[PDB]
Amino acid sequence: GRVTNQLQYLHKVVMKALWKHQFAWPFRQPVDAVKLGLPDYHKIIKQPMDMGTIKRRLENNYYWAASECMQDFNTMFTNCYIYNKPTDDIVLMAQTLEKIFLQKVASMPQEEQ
């Protein structure tokens, strides 16, 4: 991977805002299905993703383009909607964070460097 203007923005603007959010705590590290008591989590969710993993990938220049990082954010949110019950608080928390994600992505620099 490499350092682009967009990936810097995703790291220093988007992720930083999401990371600090009061609903972000369940998403800052990989889902621990045993510790959280989530039955069949890894049988249902085949590509776990979380903001800690994404943050580390940004720090280690893992991504080649902004879209790749955005796809990882999407996977994290989608996993949450797929696995959990519609009425679970975690779904509402993911929706709230995801709206901020899209809002911030809307103002990301247009051409990648």
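For every residue, the number given is its place in the sequence shown, counted from 1. Heads up, when I say rigid core I mean the largest set of C-alphas that superpose within 1.5 Å between the two forms.
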Superposing the other structures by the rigid core, the farther-displaced stretch by RMS over CA atoms in 9 other deposited structures of this protein, of 38-46 and 69-77, is 38-46
For 11-19 versus 89-97, entry-based mean Cα B-factors point to 11-19
Avg C-alpha B-factor, entry values, 55-63 vs 68-76, higher side is 55-63
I82: CA B-factor among chain residues, third -> lowest
Among the modelled residues of its chain, the C-alpha B-factor of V31 falls in the third labelled middle
Of the three thirds of Cα B-factor ranks in this chain, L38 occupies the highest
